[PDB]
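Presented below, as structure tokens, is a lone chain in the form deposited in one PDB entry.
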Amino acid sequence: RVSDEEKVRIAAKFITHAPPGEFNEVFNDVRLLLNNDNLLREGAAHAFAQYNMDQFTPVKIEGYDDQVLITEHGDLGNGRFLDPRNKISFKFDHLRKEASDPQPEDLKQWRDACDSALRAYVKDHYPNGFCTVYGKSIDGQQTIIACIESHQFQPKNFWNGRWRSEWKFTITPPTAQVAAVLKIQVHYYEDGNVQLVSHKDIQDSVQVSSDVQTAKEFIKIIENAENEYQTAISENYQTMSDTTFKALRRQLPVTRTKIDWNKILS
């Protein structure tokens, strides 16, 4: 058997593997199975927060009308997160997914410009997208981090899906080393459980100039990459459809008719 420790380790593991829009169900299921809430509260605590940070969970702060992403880049420690757009800390509830207690906070010009071009870009290409841009120093180097989350939750028709992109431009003028991770997940669960799991890595090096000029190049670069990714995915679906699937099971035998089981059993 296993300890109550290993039990929550298992419980936490399951939660962080909750599919988009299904955190509440996975949570309800696990908590019933663990059957020990203060063990859950204690043990899965780190899980809840990871889930929201990994998933780039979006949240509305009453007062601002730009939704902010929970991301480990916004993690201010001690329950709070940063909103770089409006320069605020807010308390965040990982199970309710609510922001509260907005407080003021203290590459400004580049994150601003990048942010502007990215909002434009997101509103044009993602039906329900949000984004969040960070400017900070990672071990001596100045970096822009642009996260994008977009989803469609259709619980009543047993399906959910989510796109996340995360772009890191570490800036060493006149060059910027570009890193990005692209992730898409789709789950359809009517009379089954089918999931798409996809992700692509990008490493590149780029030119750098002025805040505003540079921002636009960054967004034009991002748009391009996310088209290749999306296009290639669509191509994969097509090859899978008309080539690979057909090689698995025929639609009918070569006799163009169903089986004669009398003949079979002879």
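Position 1 is the first residue in the sequence shown; the rest follow in order.
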Missing residues of the deposited chain between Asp106 and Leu107 number 4 to 9
State which stretch shows the higher mean Cα B factor in the entry: 138-146 or 167-175.
138-146
Comparing 154-162 with 182-190, the one whose average Cα B-factor in the PDB entry is higher:
154-162
Specify which of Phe48, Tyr64, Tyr229, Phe56 carries the largest Cα B factor in the deposited PDB entry.
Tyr64
Highest recorded C-alpha temperature factor, please, choosing from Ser209, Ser198, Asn224, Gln238.
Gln238
Chain thirds of CA B-factor: placement of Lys97
highest
Third of the chain, ranked by Cα B-factor, where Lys91 sits
highest
On the chain's distribution of Cα B-factors, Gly74 falls within the third called lowest
Lowest, middle or highest third of the chain for the C-alpha temperature factor of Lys246?
highest
Looking at the entry's B-factor column for C-alpha atoms only, identify whether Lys123 ranks in the lowest, middle or highest third of its chain.
lowest
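Separately, the form deposited in another entry exists; it is not shown, and the next lines address it.
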Report the entry in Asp191, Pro173, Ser241, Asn157 that lies at the hinge, where the C-alphas stop fitting one rigid part best and start fitting the other, between the shown form and the other one.
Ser241
